[PDB]
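In: Got an experimental structure here, sequence first:
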Amino acid sequence: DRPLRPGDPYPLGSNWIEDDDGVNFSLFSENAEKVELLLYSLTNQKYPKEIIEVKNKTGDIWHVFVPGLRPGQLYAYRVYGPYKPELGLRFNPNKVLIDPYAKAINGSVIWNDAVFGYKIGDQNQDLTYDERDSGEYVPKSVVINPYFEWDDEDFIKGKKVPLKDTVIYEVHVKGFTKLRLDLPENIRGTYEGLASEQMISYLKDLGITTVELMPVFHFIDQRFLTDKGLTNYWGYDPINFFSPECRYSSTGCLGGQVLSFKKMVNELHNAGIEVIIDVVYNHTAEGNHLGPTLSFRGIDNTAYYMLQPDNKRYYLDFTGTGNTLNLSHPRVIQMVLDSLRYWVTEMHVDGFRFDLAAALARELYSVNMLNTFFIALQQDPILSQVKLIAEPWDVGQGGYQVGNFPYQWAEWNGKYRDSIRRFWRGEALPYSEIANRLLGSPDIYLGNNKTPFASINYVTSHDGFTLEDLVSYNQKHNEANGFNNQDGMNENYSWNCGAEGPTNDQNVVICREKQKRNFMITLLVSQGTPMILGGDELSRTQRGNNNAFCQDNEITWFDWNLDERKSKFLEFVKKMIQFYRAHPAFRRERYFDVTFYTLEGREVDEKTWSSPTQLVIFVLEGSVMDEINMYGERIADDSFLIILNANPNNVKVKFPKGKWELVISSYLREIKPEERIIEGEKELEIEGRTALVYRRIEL
Amino acid sequence: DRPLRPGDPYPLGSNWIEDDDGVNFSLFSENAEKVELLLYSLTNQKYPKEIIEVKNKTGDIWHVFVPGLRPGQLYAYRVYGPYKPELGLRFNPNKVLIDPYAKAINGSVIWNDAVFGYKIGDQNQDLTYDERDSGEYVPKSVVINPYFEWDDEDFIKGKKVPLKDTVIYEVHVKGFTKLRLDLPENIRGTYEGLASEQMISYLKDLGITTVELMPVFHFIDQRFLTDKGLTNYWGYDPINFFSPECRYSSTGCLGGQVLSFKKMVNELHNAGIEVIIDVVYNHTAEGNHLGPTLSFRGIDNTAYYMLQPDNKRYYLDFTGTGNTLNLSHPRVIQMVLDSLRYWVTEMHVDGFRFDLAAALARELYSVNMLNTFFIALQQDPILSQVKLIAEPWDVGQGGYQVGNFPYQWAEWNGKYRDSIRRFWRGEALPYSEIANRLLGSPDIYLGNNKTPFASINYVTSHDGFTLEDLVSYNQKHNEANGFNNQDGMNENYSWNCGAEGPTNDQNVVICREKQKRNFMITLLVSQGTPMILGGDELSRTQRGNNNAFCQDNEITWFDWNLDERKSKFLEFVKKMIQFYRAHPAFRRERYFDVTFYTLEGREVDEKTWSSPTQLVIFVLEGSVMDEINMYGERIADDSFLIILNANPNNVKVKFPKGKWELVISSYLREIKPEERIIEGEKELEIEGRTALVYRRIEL
Amino acid sequence: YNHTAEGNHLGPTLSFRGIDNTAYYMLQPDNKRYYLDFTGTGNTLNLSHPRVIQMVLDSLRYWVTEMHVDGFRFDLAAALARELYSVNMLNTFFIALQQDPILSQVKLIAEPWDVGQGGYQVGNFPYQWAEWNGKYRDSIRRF
């Protein structure tokens, strides 16, 4: 007998209107017989306060306005339909579902046989129909207040840092500040903790421009992970594409995660720092048949999911996770684009990084959506300005297969990390190959973007070894993950430097520290936008675990100990990053000028260019670049000489023309007077496994 | 030191040339480092007689001519390459492979841990590399003599039976004649046995025009099936797309299967009977990772297979079998079209039936090959004349998604079988629905073909219940298959008539026999091309097993016992089929004329047309059809009245205008004089669960 | 293969116009009076109709199996690629050629083109494909 009204279809989800004093509720469902809105009082989460049958429907969209409800109000849905699993029809109104357009989720799921929708349990498995209510264990979607006081006016509008000037920083929200002891407990390893005053000055002192946060979409710890006493630490199982992860909130989970995130981002922008978020669109946490009925599968399984034709009880898997969104259906492709748009206009994120992007492109291609998906990004008013990061993929015949890539499109260059790892390991590599990597990989980027900065260079990431573990480790040690070490990449191209794991041997440590420095300069001397693994500066180690996706503990937390070894390296990284930012010679837009050299100090003819090498010498020649980014003012950078000696043996190099001055090197030892400045082609005795950078000073 | 020559790329496979006195060998492989041809003497199959390194290569095609070898020569391949399973690179030259273009295979595979290419066995599973030779257990491809004396000249060229005049007969090669005792042992359940003189006259006496043979491509019994003492009886696991199954050969497996097949087909054609073969293209017998390395996976895994991007050690599955061909690669799509072309020009097959066609179209669509695949069929000189049978599929948004369907394209109408099963079961169905099915389903075929004969009507098939088991059985009994009854369709719409399985109760048997007759007329009275399940005439039973894919035994064999019950039914089917063929009223090309009736003998207004019914009455009115198939001569068929009473109760029907004469019915009892001829609207007392067909005789 | 000799409307009714105008010719939507022209010759064949595409592939197959010809050189290939592109047939035309038992063996000769949304818009080319290097002559005739 309530003054309820039909309300509006737009926008999707729950919408608090100031004026009409109440909240518009809307949910997409094509195959539902009946929809029910459930409102929960903070005090009781087991049974709804009030149940409202949603009776008005515009096209495939159910909606009702409900007066008097306000920001902070908990809710959920029960969706009604046929249950013929063999037809992919899995409607179970006993299961209390998460709104797909929820902007916040009030906690985690509590693993119990009743969140499944089939009997466990039974031997028909997914054919059966479980009657138990799920509400007791399913967090509720939350109505939020979208309003926020942004004074990142300077930043947002309009001209932020481009990829040519970007240093990215891949960092887990929790691990970053979990053991930053000069922060109060409740904000340690949280969004607010991350953007705190000292954290900001730290990231500023390091010199990184762009933060890449690991998954912040609200994810779910897998059953098989919690049965073993482990959580999903990396967050690669979204259940909702609009809500900040409740776990990383310092200010609670009834809007607090939205507010803290919005806060954190605003601080970061004011400091001059960009936010990229790692995003998963290739699968949902619901898994395959057999997985839980938490949201999509309950709302409309047939839409939403890619089903096996001829056996619709099964889900198509391109990723090995269990499901694929039905990206051909206009609502599903809408949700993705709606997600991307939300996070930019409302959460003020500067761009995205697509996890398993080769898979994501395969899925899109699967239903003829890849090129249209790209056109959607390019013409969209807000989406065509953000940064979009992915990976190479040849599908399936398959060269990219794509009319045109967004202006700020870039790809993780795994070939760059492999080549670089192998080089410093001692593997003599074709000169042309190692050199191309340093030149930003024009052999990969013929007509993908016409810029070196489409290539995201890196030596380490969240995947596999931490730069510390890379130089200390020959094979993975992932028994802690509980997969009897079968999980995680096996090709690592690593080297322990003479001892596996921690050692007392100062010969081994000298190798290691020297080597870390080698990679750090190789990376910040190459064309392409570089990405650094958070922790690498702190000499962070997961002690041989190369796939710590499930270690929310001591192993993964950043260790803020001021050990002198560690400290001295943090000093090196700072100095090198600074050097990179300080010189647009290593940051060219059009390379797709240099001169490469031999041991005996001459130019490089074919054969020399084609035979494996262990030593790279080259000069960034010239200066006049166009510009800078301001009205008609060309600058000129100093000319540099880079010597990289991976050959494990001392070697004698003939320098090229002019006066050269050593600006930085991997020598841990003090620098001899005849090494600071060198002229007139006279030879220097270069140590084995050493990297060196010189600027010319005349003429 | 042999006078070997480069030879030719075309044709693919092994090719005996009369003139050059020897055999050209060719194999497609893009990623191989090295290819080796292996020739085996009949006497020893464990070690090759001679090994020849294939050194000439034109594009992606390896080839060598080898003088002196002749039809009957056994051979295989060993293909060389990288083994990085994580890159989908699974080259293992220890494993002796089947030529993809083999026209014959010398037997079955012998299941042994060494046909796998990875260690069993090990806990790295598919990551490992098994060194054992596989030749001992892998049948060899055979060089054949393509020559054959066809005197089916009359048939082949050019105008065979069209779908408007087709009665299809779905029949397993082995089961058909395994217990036909008036045949010599060695030909019982073989290709030659099938086309034997008495079998031909039987099929001719029955009246069927078209035989649909169950898979004849050379298949493999699954490991998990043979460990349980069962074979793969249905043949739905091709390992090669060009070789007739060795198991069904009466004349041996070194060309004998090719010769007997060619023989069998030729006989059939001369008898006026068409050959459709059931074909599988949606997966290969190699399975997923973990499956055997017998052919494709050994020749070139990366081509050939759809791999998971981001994890190339895994295979994409659309069917639930484990693999998918890489239909985007020109060679793979070529092999399919080459298969189809082979079987038509060389084995003289009149058309195909695609198993899991919804899946096959999903796979094609997956890589943007569906519409081009359809254009390839349509423009091809030989392929555009054959019959092509599939199933409906909406992909994935998805209406068919296809410019134009081949002239002789048709689909299995599962909706027809469900509706019909439900109707006679007693389920009152919307009048419009049951009626549309009888009219050939124009509501499904709006613009799929513009003909009722695109619809393949059936009550039973190889899938689920035999017409006998359909009327005798309420749930499946598949424990013999050894899947604790979890396998096989659960929605069967069947009814046991009062007792489950065999019974003594003559009330139950009268129900059953009467009911069989009901379905048989419903089917041969409907628009659309009908398909009959071989055995159904013989009242064949698999005693409740609804999915006997693995029962190569007593259960599935045709039972040639002349029991009087069975005999009387075989008599009915004969009579009805004859009746169908005899009257082009039930065979109209353009329906996409009839008048439907009520109980009280009047025309059918909406509501009547829209409410569920248990009784269908209708008149095939008119006559003048255009033509016939000859120069300008229109015929006229008599007008018919069809009464179908599924209502389990006697009912009184008012006949329409004119004189009506009962031509056939489901009454097992003798016909009363007032039932043979009826006029002037006077009512007849129609029995419950009864079907009846009348022709008008005046005026 | 990019136009017939019938030209635009106001054209002789020699064959295709008379047999079936709808099929055969790409008409201007909204004014089927007129004929879409890609070459400046008056008409383009309706390559999206299965029989029209069949005719072209039949003709290529005829001249090879029947007239023993070793290869073709498509005149105005770019326009032909564009016409094919206009109706989503370019790539399916190329798959037809490669998989055809006789047509894949022959030489095939066109010119370079940049069609639709950049590049060539073709997966793979036939195995004896080659191109009139339009510009190698503009280069040697300038040095």
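Out: Perfect, I can see it now. Numbers count the residues shown, from 1 in each chain, chains lettered A, B, ... in the order given.
In: Doesn't residue A:63 belong to a strand?
Out: Yes - assessed with DSSP: H, G, I helix; E, B strand; the rest coil, residue A:63 lies in a strand.
In: for it, what are its contacts?
Out: Going by C-beta atoms under 8 Å, 6 or more residues apart in numbering or on different chains, residue A:63 touches A:6, A:7, A:8, A:9, A:24, A:25, A:26, A:27, A:54, A:56, A:57. Yep, even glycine has a C-beta here, placed from its N, CA and C like the rest.
In: And the second one, how far from residue A:504?
Out: Spelled out, it's residue A:7. 70 Å (C-beta to C-beta, to the nearest Å).
In: And for the fourth one?
Out: Here residue A:9 is placed at a distance of 68 Å from residue A:504 (C-beta to C-beta).
In: Now chain A against chain C: closest residue?
Out: For chain A and chain C, the shortest gap (C-beta to the nearest C-beta) falls at residue A:403, measuring 3.3 Å.
In: Against residue A:350, how distant is the closest residue to residue A:152 other than its chain neighbours?
Out: Computed as C-beta to C-beta, 6 or more residues apart in numbering or on different chains, the closest residue to residue A:152 that is not its neighbour in sequence is residue A:269, at 3.6 Å. Distance, residue A:269 to residue A:350, using C-beta to C-beta: 8 Å.
In: intersection of neighbour lists for these two?
Out: residue A:275.
In: Next, residue A:436: secondary structure please.
Out: helix.
In: List the buried residues for stretch A:405-422?
Out: A:405-406, A:408-413, A:415-417, A:419-422 (16 or more other C-beta atoms under 10 Å in any protein chain shown).
In: Quick one: neighbours of residue A:142, just the number.
Out: 27 (other C-beta atoms under 10 Å in any protein chain shown).
In: got the contact list for residue A:447?
Out: C:118, C:119.
In: And residue A:241, by the same measure?
Out: Here residue A:241 is in contact with A:100, A:217, A:281, A:335, A:336, A:338, A:339 (criterion: C-beta under 8 Å, 6+ apart).
In: Which helix or strand contains it?
Out: Using DSSP states H and E, residue A:241 sits in no helix or strand.
In: Tell me, how many residues neighbour the residue nearest to residue A:152?
Out: The burial count for residue A:269: 22, using other C-beta under 10 Å.
In: where exactly do the strands run in the stretch 101-250 of chain A?
Out: A:141-142, A:168-171, A:210-213 (DSSP state E, counting those that start in this stretch).
In: Among the ones you listed, which comes closest to residue B:294?
Out: Closest approach to residue B:294 among the strands of the stretch 101-250 of chain A is made by strand A:168-171 (43.8 Å; C-beta to C-beta).
In: got a list of contacts for the closest one?
Out: A:194, A:203, A:206, A:208-214, A:276, A:456, A:461-462, A:529-535.
In: That strand: how far from the chain's middle?
Out: Centre-to-centre, strand A:168-171 and its host chain are 8 Å apart (C-alpha atoms, centre = their mean, to the nearest Å).
In: got it, and stretch A:122-141?
Out: That offset, for stretch A:122-141, works out to 33 Å (C-alpha atoms, centre = their mean).
In: again, but for stretch A:622-635
Out: Averaging C-alpha positions (C-alpha atoms, centre = their mean) puts stretch A:622-635 32 Å from its chain's average.
In: Okay, buried residues for that stretch please.
Out: For stretch A:622-635, by 16+ other C-beta under 10 Å, it's residue A:625.
In: Endpoints of that stretch, how far apart?
Out: 11 Å (C-alpha to C-alpha, to the nearest Å).
In: that older thread, also within reach of chain B: list those from the contacts of residue A:63.
Out: Near chain B, judged by C-beta under 8 Å from any C-beta of the partner chain, there are no entries from the contacts of residue A:63.
In: Any of these buried? List them.
Out: Buried among the contacts of residue A:63 by 16+ other C-beta under 10 Å: A:7, A:8, A:9, A:24, A:25, A:26, A:27, A:54, A:56, A:57.
In: Would you check which pair of the residues you listed lies furthest apart?
Out: The widest separation within the buried ones among the contacts of residue A:63 (C-beta to C-beta) is 14.2 Å, between A:24 and A:57.
In: circling back: what about the buried residues of stretch A:405-422, which are in helices?
Out: Applying DSSP state H to those, the entries found in helices are A:415, A:416, A:417, A:419, A:420, A:421, A:422.
In: how much space between the first one and residue B:83?
Out: The one in question is residue A:415. Residue A:415 is 20 Å from residue B:83, by C-beta to C-beta.
In: Repeat that for the last one.
Out: From residue A:422 across to residue B:83, the span is 19 Å (C-beta to C-beta).
In: Alright, I will stop here.
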